[PDB]
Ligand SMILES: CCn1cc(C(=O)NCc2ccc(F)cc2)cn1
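There is one chain below, alone, in C-alpha cells, taken in the form deposited without the ligand.
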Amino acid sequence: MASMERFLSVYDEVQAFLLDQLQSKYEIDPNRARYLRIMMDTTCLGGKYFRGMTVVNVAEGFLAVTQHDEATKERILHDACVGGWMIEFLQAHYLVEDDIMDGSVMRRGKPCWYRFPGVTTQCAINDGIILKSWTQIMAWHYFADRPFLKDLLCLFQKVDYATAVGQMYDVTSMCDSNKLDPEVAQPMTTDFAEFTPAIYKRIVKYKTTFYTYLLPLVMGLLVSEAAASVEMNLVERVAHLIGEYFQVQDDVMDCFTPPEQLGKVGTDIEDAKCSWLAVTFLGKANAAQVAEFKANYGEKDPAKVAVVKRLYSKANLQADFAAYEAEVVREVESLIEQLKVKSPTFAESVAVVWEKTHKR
C-alpha cells in the first residue's frame, strides 16, 4: 500500500468512527452529523498533508530496519496514520480560529470556514473547538492500550499550548510590550524596536515549528517505539531550524506570490506583522529608509502598502535571503550528520523533511 492512499483511507475510517459515535452516544441527529462531516472535510482536507504524512514517513523508515510480524507492521502504520490525523486536525483547529481572529477572507483559494453562509462566527468558533476535541477522542480510542499513550498525549498537550503561546506572540507582535494592557486599546508600535531577529525567532518557534516540525517527527518516533534512536535535543534543534526557514519562505510569499497562486490576498504589511522582510529590512536600512517605512507600515491604504513593497524591493533582501538560506542549509546538514550517529534512518527522514521544505 502507498503511503498517501493509506493515510487518506484512515481519514475515512476515523471520520466514520467519530460520526458513528456522535449518533450512538451523543444523541446527534443526521443533519447535525452531516454538518460536522462537511465541517471536517472542509477544514481538514485539501492541503498537502505534510505534517500528517511526516509521521507515516518516519514510521515507514523505522519499519524498513526493524523486525516485526506483518500484523505489527500494519498496526504501526495505522497508528502513524491516526497520529498524523491528530496533527492535521490540530492544525485545522488553529486555522479555523486564526482565520476568525484575523478576519481572514480566503484560505486555499476557498472562503474561510466562518464565512460559509450557513456557518458564521457563532458556529465556527465552536466548530474549531470540536476539531481539537476530536484529536483527543481519536487518541483515547485508537491508542487506549498503547505503551506510548501517555507520552503521546503529554507531547501533544505541550505542542498545543506552545502553539497557543505562539499565537499570542504573533498577534501582539506589532505592540510595544511595555504598553500591553487589557484595560487600554493597543497602539501599533512607532519605534519598531521589537522587530528584531530574536523576537521574530521567538514568534516563529512557538507559532509554527513545534506543531509543524517537532510534533510530526517525535510522533513518528513514539508510534515506532523508537525514541531511543535519537538525541531529543538534536531533534528539537533541527526542527527549530527547519521550522524557522519554513516561515521565512511563507513570509516572503505573503508579500510577493500572486494572490491566485498564494490562495490568499496577503495582508502582513497592513496587519503590521513582524515578518522576516520587515525585520531584515530594518536591519540594513539607513535613517531615511526607516522613517519612510514607519510612515507607511501597518496601514490598510493600498498606496502606502505599495510604498512598503517598494522599499523592500530596493533593499536587496534577496542577498539577505540567500545568505540566510546558505547558513540554514549549512546548519541543517550539521544536525542531520549529528543525527546519523544514533539513527541513519531518522536522519534520512529529517533529510526528506528538509528537502520538501527547501523546495515548494
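Throughout, we count residues from 1 along the sequence that is shown.
One more form of this protein should be noted, the form deposited with the ligand bound, which is absent from this view; the next part is about it.
Remark: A303 does not count among the residues lining the ligand in the bound PDB entry, judged by a heavy atom distance of 4.5 Å or less.
For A323, a non-hydrogen atom is located within 4.5 Å of the ligand in the bound PDB entry, even though that partner is not displayed. The ligand in the bound PDB entry is not approached by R146, whose heavy atoms all lie more than 4.5 angstroms from it. Using a 4.5 Å cutoff between non-hydrogen atoms, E327 counts as a contact of the ligand in the bound PDB entry. The partner is not shown here, and in the bound PDB entry the stretch 54-74 never reaches within 4.5 angstroms of the ligand through any heavy atom.
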